[PDB]
């Protein structure tokens, strides 16, 4: 039945020698990536754009080229408790926190989006704090009025 054919929305950010140290994404008309991730966007067009910084939220962004604006994720500010999806599997959202099993997130996971079954982005991963058998994520989300919010658990380590 299904072939996972999708637009080019998620991009790699590499370090000086070329290791993937994070991710950048096309969403709501912008290319955004965590500010703490110091590398270059592995894309001939995106890497030449002028990026605006937002230290208060660990975000760095630029406007999408007119063309690419269609190849992009849609965000949603509604996240009822339950399970969500990301590159490594299930992400649980309960208690105001997004958690994953311990020993799963780390370098390379910054900038990865957490999604719902309808394919909308619900949050962007920044780092994590292990608490017991789980890891609580430091994520960026936006509220219903479009305000950016940043939740960082105690002892979070940036990925």
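Positions refer to the first chain, counted from 1.
Quiz item: Where do the C-alpha atoms have the higher mean temperature factor in this entry, in 70-78 or in 83-91?
Solution: Result of the comparison: 70-78.
Quiz item: According to the deposited model, is the average Cα temperature factor higher in 111-119 or in 49-57?
Solution: The stretch with the larger mean CA B-factor is 49-57.
Quiz prompt | Among 128, 101, 96, 34 - the residue whose C-alpha B-factor is largest in the record | solution = Of 128, 101, 96, 34, 96 has the highest C-alpha B-factor.
Practice problem: Taking the values exactly as deposited, rank residue 141 by C-alpha B-factor within its chain and report the matching third: lowest, middle or highest. | Solution: CA B-factor rank for residue 141: middle third.
Quiz item: Which third, lowest, middle or highest, does the CA B-factor of residue 62 fall in along this chain?
Solution: Tercile = middle for this residue's CA B-factor.
Exercise. Looking at the entry's B-factor column for C-alpha atoms only, identify whether residue 39 ranks in the lowest, middle or highest third of its chain.
Key: Within its chain, residue 39 is a highest-third residue by C-alpha B-factor, going by the deposited values.
Quiz item: According to the PDB entry, is the CA B factor of residue 23 in the bottom, middle or top third of its chain, that is, lowest, middle or highest?
Solution: It falls in the bottom third of the chain.
Self-check item: Third of chain Cα B-factors occupied by residue 105
Solution: For residue 105, whose C-alpha B-factor we compare with every modelled residue in the chain, the answer is the lowest third.
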